[PDB]
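Take a look at the structure below.
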Amino acid sequence: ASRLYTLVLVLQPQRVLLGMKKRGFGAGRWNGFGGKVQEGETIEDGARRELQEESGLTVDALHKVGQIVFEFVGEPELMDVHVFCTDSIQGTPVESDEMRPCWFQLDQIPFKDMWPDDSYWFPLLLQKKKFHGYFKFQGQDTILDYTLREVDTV
Ligand SMILES: Fc1cnccc1-c1ccnc2[nH]ccc12
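Residues in the sequence shown are numbered from 3 upward in steps of one, following the entry's author numbering.
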C-alpha cells in the first residue's frame, strides 16, 4: 500500500546541503537527496546510493532521523519516506542536469521554496529530534491534514 523512498540531509553544525531538483516529481523545490529504494537493496543502502547519484557525495554511516508517510488525495500509493542525516561526507557537491546543490546557513533555510511539510519537521531535525509524520496533500501545495510526533526510535 506504500512505496519506499529515502531522503538524506547533510547537516553540519552551521550549514545544511540542499538540492534544487530540475525535472520530474518535486522539480523547482529545494530538498534533500533521495529517491526510490530498489529490489534487494536495504533502505539505508538505497539512501547512500541516491546521495551519490544526485549530489556526487559519498557517505558512510547514515543516522535514521525520521519517517514521513505522504498521501496525495486521488493517488492510491502512499509514499513512505525514510529520512536520514549525516555530518560527514566526501566529495564536492556536483551540479548536473537533474540537480543543483547549494549549502545554506541554518537560519536561511529556504522554506518558501521547499515542500510545505518541511516547515513542520525540518526544525525538529535541526534540533536533533527524531520523528514520525503523516501528511495528506491535495496537489503539491496544500496540506489538508497531518500528524507529526517526536519519537525515540525511528
Ligand atoms: F520530494 C519527494 C520525493 N519523493 C517522494 C516524496 C517527496 C516529498 C513529498 C512531500 N513533501 C516532501 N518533503 C521532502 C520530500 C517530500
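No residue lacks a Cβ here, since even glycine has one placed at the ideal position from N, Cα and C.
For residue i, the three-state DSSP class (helix, strand or coil)
{"i": "residue 4", "result": "strand"}
{"i": "residue 113", "result": "helix"}
{"i": "residue 85", "result": "strand"}
{"i": "residue 140", "result": "strand"}
Residue range of the alpha helix (DSSP H) that includes residue i
{"i": "residue 52", "result": "45–57"}
{"i": "residue 35", "result": "Segment: none, residue 35 is in no alpha helix (DSSP H) and carries neither H nor E."}
{"i": "residue 126", "result": "120–128"}
Distance cut-off 7 Å: residue i Cβ against heavy atoms of ligand 1
{"i": "residue 9", "result": "yes"}
{"i": "residue 99", "result": "no"}
{"i": "residue 22", "result": "no"}
{"i": "residue 83", "result": "yes"}
{"i": "residue 119", "result": "yes"}
{"i": "residue 28", "result": "yes"}
{"i": "residue 72", "result": "yes"}
Boundaries of the beta strand (DSSP E) in which residue i is found, first to last residue
{"i": "residue 103", "result": "101–107"}
{"i": "residue 131", "result": "That residue, residue 131, is in no beta strand (DSSP E); it is neither H nor E in DSSP."}
Test item: CB-CB of residue i and residue j under 8 Å
{"i": "residue 68", "j": "residue 135", "result": "yes"}
{"i": "residue 70", "j": "residue 61", "result": "no"}
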